[PDB]
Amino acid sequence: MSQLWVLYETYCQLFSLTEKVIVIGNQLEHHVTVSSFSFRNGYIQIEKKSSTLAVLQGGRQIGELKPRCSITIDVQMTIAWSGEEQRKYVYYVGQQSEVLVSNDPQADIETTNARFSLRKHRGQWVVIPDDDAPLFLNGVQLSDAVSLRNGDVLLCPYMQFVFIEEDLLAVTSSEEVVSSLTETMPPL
């Protein structure tokens, strides 16, 4: 997958780049629809080059995005790009009651992209976010702990976390993930 993340207010939309020149604007026809914005300085155009994405705001270029890079833009919105390639790890966590995701040395999943913990209570995982790192549950920023159901999606820039089952956690990332958890698979 090649995905862009569109972050604004307390939302994050994820959009797949399958197309060739896409547009983020406030109509339902656009590829990515942010209705709460004006776009008085132009819709946002993202086009592929054939390696990088050209970012234009009035038909004029305001940046280029390389893989795993982002841009912030005044209309206040961030766009980030994963790059052309992404991989999928699945961990078995049936013998865990807690998963820490942060940049700490003792993190179960090590990343400079997210900081949050997952905790198991009576067969249910709860997500507890941290005040610093912005984290999204089905596209909406979390402001407190929330008990998860299967196929809830946790997103931050460049990563996704999905419980397939109570005992299996899939992580997708544009970088190799560093984990002390039990892999159930070779990464794909």
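All residue numbers are counted from 1 along the displayed sequence.
In terms of unmodelled positions of the deposited sequence, the stretch from residue 18 to residue 19 in this entry skips 1 to 3 residues.
With 153-161 and 123-131 compared on mean CA B-factor from the PDB entry, the stretch scoring higher is 123-131. The mean Cα B-factor in the deposited entry runs higher for 41-49 than for the other of 41-49 and 134-142. Out of 100, 75, 90, 79, it is 75 whose C-alpha atom has the highest B-factor in the PDB entry.
The deposited CA B-factor of residue 169 belongs to the lowest third of values across its chain. Remark: residue 28 belongs to the highest third of its chain, ranked by C-alpha B-factor as recorded. When all modelled residues of the chain are sorted by CA temperature factor, residue 178 is found within the middle third. Among the modelled residues of its chain, residue 112 has a C-alpha B-factor that falls in the highest third according to the deposited record.
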